[PDB]
Structures are given as C-alpha cells and as structure tokens.
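One is the number of the first residue; the rest follow in order along the sequence. Only heavy atoms go into these numbers, but all of them, side chains included; no hydrogens, no water, no symmetry mates.
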Amino acid sequence: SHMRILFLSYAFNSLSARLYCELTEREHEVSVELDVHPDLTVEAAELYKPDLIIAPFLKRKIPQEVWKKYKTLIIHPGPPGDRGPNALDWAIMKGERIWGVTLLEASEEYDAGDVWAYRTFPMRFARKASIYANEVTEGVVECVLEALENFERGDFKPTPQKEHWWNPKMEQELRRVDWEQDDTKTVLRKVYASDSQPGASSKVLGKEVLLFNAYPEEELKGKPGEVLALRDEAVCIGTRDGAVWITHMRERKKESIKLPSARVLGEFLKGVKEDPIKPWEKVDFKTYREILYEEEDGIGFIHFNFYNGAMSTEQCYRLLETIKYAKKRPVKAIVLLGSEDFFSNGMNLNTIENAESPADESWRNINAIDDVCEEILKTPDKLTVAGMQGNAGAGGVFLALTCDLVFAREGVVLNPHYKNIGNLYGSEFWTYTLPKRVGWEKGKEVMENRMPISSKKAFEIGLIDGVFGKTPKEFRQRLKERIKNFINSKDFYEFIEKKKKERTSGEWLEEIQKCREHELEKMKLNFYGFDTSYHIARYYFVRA
Ligand SMILES: CC(C)(COP(=O)(O)OP(=O)(O)OC[C@H]1O[C@@H](n2cnc3c(N)ncnc32)[C@H](O)[C@@H]1OP(=O)(O)O)[C@@H](O)C(=O)NCCC(=O)NCCS
C-alpha cells in the first residue's frame with residue numbers, strides 16, 4: 001500500500017510537481033533525483049532502494065543497470081507507438097486532431113518499452129506549454145495511478161508496442177516564421193509548437209528574434225512583416241493574410257532572456273504607435289486582450305493573462321486600474337480569475353533581471369503588487385474572490401490570499417514560499433493575511449516548505465476556502481453559480497455589515513499599514529543587503 005517511489009527527472013518541472021503531490025498526498029514516499037551523471041543515478045537508486053521508479057521528465061537514457069533492477073516507468077507525451085524527444089512539437093506542427101500520453105517501461109531502445117497505461121484526448125489549437133500543463137498532465141496522473149494499482153496487484157503484464165514511429169528532434173528551420181509566406185494560421189502553429197521553448201525564429205524590424213505567445217489579430221491589416229501597432233508591450237505584425245500579436249521575444253544570443261517584445265525591439269520601434277483597448281471595452285473581432293473585464297449577474301470578472309503568470313511592475317498597475325474601475329461598478333462581488341494556465345507567480349523576474357538595477361526594479365515591482373493587494377483589502381462594501389484556474393507560486397499565492405474567498409480548480413499546484421528565489425521574506429500582506437487563516441505557527445511552517453502542495457491539501461489546512469472543478473471552464477461555471485447564490489441571500493448583507501465596520505475602522509487600516517511597512521523593510525534588506533541570495537537565485541531561475 002505505502003510504496004517508495006523514486007523520481008528521475010531532468011528538472012523538477014510542473015508535471016513532476018503535480019505527480020509529487022498526487023503520490024505524496026496518498027501516503028506514498030517520493031524521493032526526487034534531478035538526473036545527474038549516470039553514476040550519482042546508480043548510486044542514489046542504491047542508497048534510496050525504491051519499490052518503483054517514475055521518470056516524469058527525462059532527456060537521457062537511464063542506466064541499464066538501474067532499470068533492469070528496479071521497475072522503471074517512463075512518461076511520454078505521445079500516444080502508444082509515438083517515439084522521440086519532441087512528441088508535442090511534432091503533434092502540433094502536423095496538426096494532429098487526437099493525441100495522448102503514454103506510460104511505458106524503460107528499455108535499451110529509446111521509447112520502445114511495453115505500455116503500462118495511456119490516455120488519448122482531443123487536441124486544442126493552443127500553446128505547447130498549455131497542452132502539456134492541462135491535457136498531458138491530467139492524463140499522466142491517471143496513467144500513474146492505474147499503474148500503481150496494477151503494480152501493487154503484482155499480477156499485471158504490459159502491452160508491447162506494435163505500430164510505432166520515430167520523430168527526431170525538431171530543427172529551427174521548420175519553426176522559422178516567414179512573414180511574407182506564412183498566413184496567420186501557420187504563424188500560430190509555428191509559435192504554438194515552440195511556446196514556451198525553444199521559440200519560433202523570425203526576423204522582425206530587421207532584427208533576428210525568437211517569437212513567443214502568439215494571438216491572431218482580425219482588424220489591423222498591413223504589409224507582411226510590418227509592425228502594425230503596440231499594445232501593453234506586445235507588437236502586432238502583418239502576415240500573408242492578416243496579422244498576429246507577439247507579446248514576448250528573445251534575442252537569438254546566448255545570454256539574453258525572454259522579455260516583452262517592446263523591450264527586445266526597443267529603439268527600433270520609433271515609428272509605431274500604441275493601439276489601446278480598455279479591459280471594459282467590448283470588441284467583436286479577435287484581438288489581443290491582456291486584461292479583460294466583464295460583468296455577469298451582478299459580478300465583476302477580471303481576467304488577466306500575464307505570460308507565465310509573471311507580473312511586471314507595469315502589469316501590476318494595469319491590473320490595479322482595472323480593480324479600481326470595478327470597485328466603482330454596480331456589482332456585489334469582484335472575482336480575480338488570472339488566466340487558465342496560471343493564477344499568478346508574483347513578480348516578473350525577467351523584467352527585474354533585465355533592468356539597469358534589478359534591486360530598484362525589484363523595489364518597484366513589490367510596491368506595485370503590494371498596491372494591488374492593498375486595493376483588494378480596502379474593499380469594504382463588496383465581496384472579493386480569488387479564482388485559481390491555474391497554478392500559483394510565491395507572491396502570486398499571497399496575492400490571492402488577500403481576497404475574502406480563495407477558490408481553486410482541482411489539480412492546481414501551489415508553492416506558497418520563496419525557497420526557490422533566495423529566501424525572500426515576501427510581502428503582499430502575508431503577515432496579516434496568512435495567520436488569519438492558519439495561525440502563526442502553521443503559516444511559518446507553510447512558507448518553510450520548498451515542496452509544492454495541491455489545491456486539495458491547501459483547502460484541508462484552511463489556506464484556501466474550497467476546491468472544485470476538473471477543467472478551467474467547469475471551475476469558472478461552478479465558481480459563478482456559487483458566488484451567484486451568496487450575493488442573492490441575506491447572508492451577503494450580514495457579511496458586508498461586519499466588513500464595512502472593520503475595514504473602515506482606524507485600528508484595521510493602521511494594522512495593515514504596519515504590515516506592509518514591516519514586510520517592505522525585510523524585502524528592502526533582501527534587495528539591497530550584503531547577502532545577495534535573492535539576486536543569485538534570480539540569475540539562475542531566469543537562465544534555465
Ligand atoms: C512557482 C514555481 C515553483 C512553478 O514551478 P513549475 O511548475 O516547475 O513551472 P516553471 O518554472 O517551469 O514555469 C514555466 C515558465 O514560467 C516562467 N515563470 C514562472 N514564474 C515566473 C516569474 N515570477 N517570473 C518570470 N518567469 C516566471 C518560468 O521562467 C518558465 O519559463 P519557460 O517555460 O520559458 O522555461 C516556479 O515557476 C517559480 O519558482 N517561479 C518564481 C516565482 C517568484 O519567485 N517570483 C518572485 C517573488 S514574488
């Protein structure tokens with residue numbers, strides 16, 4: 001029943017984290033070993049002595065020694081028979097309508113072992129990272145549990161492969177976006193297949209770039225490869241039959257990092273102008289909308305789609321303005337939805353790394369995100385709800401904790417800690433927000449744990465107020481009908497009664513102001529003190 005499971009992964013990536021939660025919270029024992037030289041590999045399997053080895057995420061062969069002695073199951077983001085190291089890249093380039101994930105045995109030939117479990121699913125037209133993080137991740141969880149059942153039963157035999165194919169590593173020539181020859185659909189497919197790594201190569205404004213995060217543009221028209229407009233640092237680029245937005249780019253050099261396009265293109269954008277669209281405007285054609293505000297049934301819904309959940313200083317202020325617009329609206333509740341792939345991951349570490357002074361940009365970013373939290377907290381006459389459709393970590397978790405209610409989809413993974421970014425003290429009113437939910441003893445325990453927890457475990461400990469839904473869309477529906485019932489009851493007014501009283505009294509405003517002050521002083525030491533752990537850890541996070 002209580003198996004001992006050793007993870008071999010290249011990195012402790014999102015799928016490895018999700019599996020870790022699913023098995024850990026089922027009373028199993030999981031050791032994670034980030035694949036090293038095959039020697040530490042053999043030696044660590046010796047020392048740890050597992051019942052079962054999972055490889056959620058490998059980029060090299062497991063030593064024949066190890067898996068001939070321990071049952072070794074490999075995750076493959078393809079249907080049974082699909083072999084190769086870029087399964088999803090190829091599935092998307094080839095326009096596959098149906099795809100799947102396979103759990104197969106380790107063997108001497110790459111991806112040729114017998115199958116222990118698989119799932120199939122209809123393929124969305126979407127970024128690779130998002131297929132991986134939703135359909136692939138969910139399927140892999142089902143496979144592993146099934147294999148765990150088949151294993152503890154001891155009497156299971158895997159299905160040898162039959163029909164099978166090999167797709168080699170994909171070269172950049174196949175990904176290259178050629179603006180004069182490629183229609184919008186072809187550019188979406190190329191960028192989708194390279195998002196978020198390695199990027200689709202291209203030439204923009206004479207500069208050689210990698211493209212990331214593409215959105216079709218249905219209104220603006222021009223010459224293929226022309227930069228039509230700017231919009232919140234994205235650029236709109238003419239294609240063969242229309243236009244496409246690209247929010248993020250990377251120079252094709254070694255030391256450079258993904259940044260907003262306007263920061264990569266920089267001074268080359270002299271001519272082009274901004275083409276704004278408020279989050280509350282209504283628009284009939286497909287365009288790029290970073291933040292979206294929509295009112296349904298007396299509720300204000302704020303969508304914000306910050307690439308990779310990273311919140312730049314500037315994006316914090318765009319969000320704060322949409323919150324201020326909502327608080328002046330005929331709505332009883334205000335729901336922050338993030339995006340379908342992330343709720344939030346706190347400060348944009350890439351825009352911090354890129355700034356002249358990362359400490360100063362770190363100072364701007366933490367104050368801006370604190371200004372968002374403060375605005376949420378000081379909403380005495382309205383209900384506020386955090387809706388975690390996707391994962392969240394570091395400052396993004398505590399952004400959500402400032403809302404009256406925090407709901408999350410099933411499968412959401414949380415990292416309520418700064419153990420990966422140099423032990424930042426954190427802010428976002430966590431000294432107020434966190435103990436009001438779990439007490440100072442547990443809250444500090446939460447922040448000391450570098451391992452993730454599911455939205456399920458977070459609910460159990462009282463960190464959040466409810467988990468439900470299997471998909472983003474389901475979660476959205478159930479969340480709406482749950483908030484809908486509450487503001488249509490006498491409980492809603494008896495709740496604003498208390499909240500109006502406390503959150504306008506001077507003893508509360510000064511309480512929370514002393515919290516923001518105490519946190520920023522610790523964070524100021526983190527950004528400028530002698531101990532440079534935070535800057536060291538940011539450097540490696542951003543260049544991996
Ligand atoms: C939260 C976290 C544990 C999730 O782990 P995970 O499931 O393995 O997800 P990943 O790190 O692989 O995220 C995928 C992408 O999102 C990016 N990303 C996530 N959070 C980011 C952030 N705050 N800033 C910039 N980029 C971020 C990652 O760089 C990664 O980039 P890539 O796809 O180009 O390789 C992890 O992403 C993390 O440590 N983020 C940093 C958050 C932070 O410290 N913010 C500053 C304090 S508020």
Side-chain angles (χ1 to χ4, degrees), residues 92 95 124-127 130 176-196 199-200 202-207 209-222 224-249 259-266 268-296 300-307 312 314-315 317-319 321-322 325-326 337-341 472 476:
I92 290 171
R124 308 176 279 129
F125 194 52
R127 299 169 56 251
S130 179
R176 164 158 287 255
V177 160
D178 188 324
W179 299 105
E180 326 169 299
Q181 295 157 234
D182 287 351
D183 59 11
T184 295
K185 173 119 168 295
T186 295
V187 173
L188 292 175
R189 189 172 62 247
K190 286 176 172 188
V191 178
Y192 287 171
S194 329
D195 197 336
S196 46
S202 197
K203 164 176 69 167
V204 180
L205 287 186
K207 185 179 204 87
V209 293
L210 292 157
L211 314 176
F212 305 87
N213 203 27
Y215 295 95
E217 166 57 42
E218 218 166 78
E219 169 84 295
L220 291 61
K221 310 284 171 215
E226 250 190 325
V227 177
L228 312 187
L230 284 159
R231 190 183 290 173
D232 305 334
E233 307 183 68
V235 299
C236 189
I237 303 178
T239 73
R240 182 168 63 81
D241 66 344
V244 175
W245 294 90
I246 302 290
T247 72
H248 285 62
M249 291 175 188
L259 296 162
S261 302
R263 304 188 191 196
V264 177
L265 297 181
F268 290 12
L269 284 164
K270 294 205 82 64
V272 350
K273 310 287 176 235
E274 191 90 356
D275 178 10
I277 291 182
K278 293 298 188 174
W280 44 85
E281 299 191 35
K282 279 315 133 225
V283 171
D284 207 20
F285 49 93
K286 296 186 209 118
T287 201
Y288 168 63
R289 302 259 259 154
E290 192 196 62
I291 315 186
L292 182 73
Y293 177 59
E294 293 173 337
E295 296 183 342
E296 296 171 5
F301 293 104
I302 312 202
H303 302 255
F304 47 107
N305 178 238
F306 305 150
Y307 187 60
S312 67
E314 293 62 13
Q315 291 164 309
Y317 285 132
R318 280 179 277 278
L319 183 57
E321 161 197 335
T322 302
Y325 175 99
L337 283 171
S339 79
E340 296 200 335
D341 286 343
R476 281 198 303 288

### Task
Using a strict 4.0 Å threshold on nitrogen-to-oxygen distance, state whether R240 and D183 make a salt bridge.
yes
### Task
Please report the closest heavy-atom contact between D182 and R176, naming both atoms and the distance.
OD2-O, 3.8 Å
#### Entry: Side-chain (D241) to main-chain (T184) donor-acceptor, under 3.5 angstrom
yes
### Task
For the pair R263 and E314, find out whether any cationic side-chain nitrogen is under 4.0 Å from an anionic carboxylate oxygen.
yes
### Task
Would you give the length of the straight line joining atom OG1 of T186 to atom CH2 of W179, rounded to the nearest 0.5 angstrom?
11.5 Å
### Query
How long is the span from the CZ atom in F304 to the OG1 atom in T322, to the nearest 0.5 Å?
10.5 Å
### Task
For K278, check side-chain hydrogen bond (donor to acceptor under 3.5 Å, both in side chains) against everything at least two apart and list the hits.
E321
### Message
A side-chain contact here means heavy atoms from C-beta on lying under 4.5 Å apart; do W245 and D232 qualify?
### Response
no
### Query
By salt bridge (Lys or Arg N to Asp or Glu O under 4.0 Å), which residues pair with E290, not counting sequence neighbours?
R318
### Query
Within a strict 4.5 Å, meaning less than it, do heavy atoms of the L230 and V235 side chains meet?
yes
### Task
Mind checking ring-ring contact (aromatic ring centres under 6.0 Å, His included) for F301 and listing every partner two or more places apart, or none if nothing turns up?
none
### Message
Quick test of your reading of the model: are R476 and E340 salt-bridged, counting only N-O distances below 4.0 Å?
### Response
yes
### Message
Do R124 and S130 have side chains that approach each other closer than 4.5 Å (heavy atoms only, starting at C-beta)?
### Response
yes
### Task
Check for a donor-acceptor pair, side chain of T287 on one end and backbone N or O of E217 on the other, with a separation under 3.5 Å.
no
### Query
Does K221 use its side chain to pair, donor to acceptor, with the backbone of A243 at less than 3.5 Å?
no
### Query
If we only count heavy atoms from C-beta on, is the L211 to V204 side-chain gap below 4.5 Å?
yes
### Query
Parallel under 30°, tilted from 30 to 60°, perpendicular over 60°: which one fits the rings of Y192 and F125?
perpendicular
### Task
Keeping the roles fixed (side chain from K273, backbone from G271), state whether a donor-acceptor pair exists under 3.5 Å.
yes
### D195 (side chain) donor-acceptor with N213 (main chain) under 3.5 angstrom
yes
